[PDB]
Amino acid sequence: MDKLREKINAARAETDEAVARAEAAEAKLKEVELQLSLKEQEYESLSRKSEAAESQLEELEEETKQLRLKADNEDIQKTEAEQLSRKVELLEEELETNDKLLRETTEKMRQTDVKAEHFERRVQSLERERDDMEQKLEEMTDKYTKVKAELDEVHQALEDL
């Protein structure tokens, strides 16, 4: 009849609509499942890359601390070398001054030694001359005493006549 055929058409329409819904939903489900699996694989790859990167970061931080210590030591040594160069210059100036002073003092000592030697040679010559003239004076005094006594005796002799 009319109503029975209409109900049958409605039943077939409901069934076909459900089948179309199922087909579309299954297609979209397949697509999203493939997308989810691919995104999980990408996340795993990126996580392994991040682990490697963090390991490299730790290693680089350790190396950086070591190099910081060594570079600070190098800078300390460089400052020390600069100050030692300046100190070398100062000490060389002081040594030049003191060496000039030492040479001047040595020359003055040599001059004083020459003066002392001159005076000592004068002493020796004066002593020689003094001894010689002292002996000569003794001789002449004896001779004069003798001849004066003789002359007085001769005068006393000629006085009586």
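Heads up: residue numbers just count along the shown sequence, starting at 1.
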For 54-62 versus 109-117, entry-based mean Cα B-factors point to 54-62
23-31 versus 125-133 - which carries the larger mean C-alpha B factor in the record:
23-31
Taking only the Cα B-factors deposited for this chain, tell me whether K70 sits in the lowest, middle or highest third.
middle
Among all modelled residues of this chain, ranked by Cα B factor, put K100 in the bottom, middle or top third, i.e. lowest, middle or highest.
lowest
Looking at the temperature factor on the CA atom of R12, which third of the chain's modelled residues does it land in?
highest
Compare the C-alpha B factor of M140 with those of the other modelled residues in its chain, then answer lowest, middle or highest third.
lowest
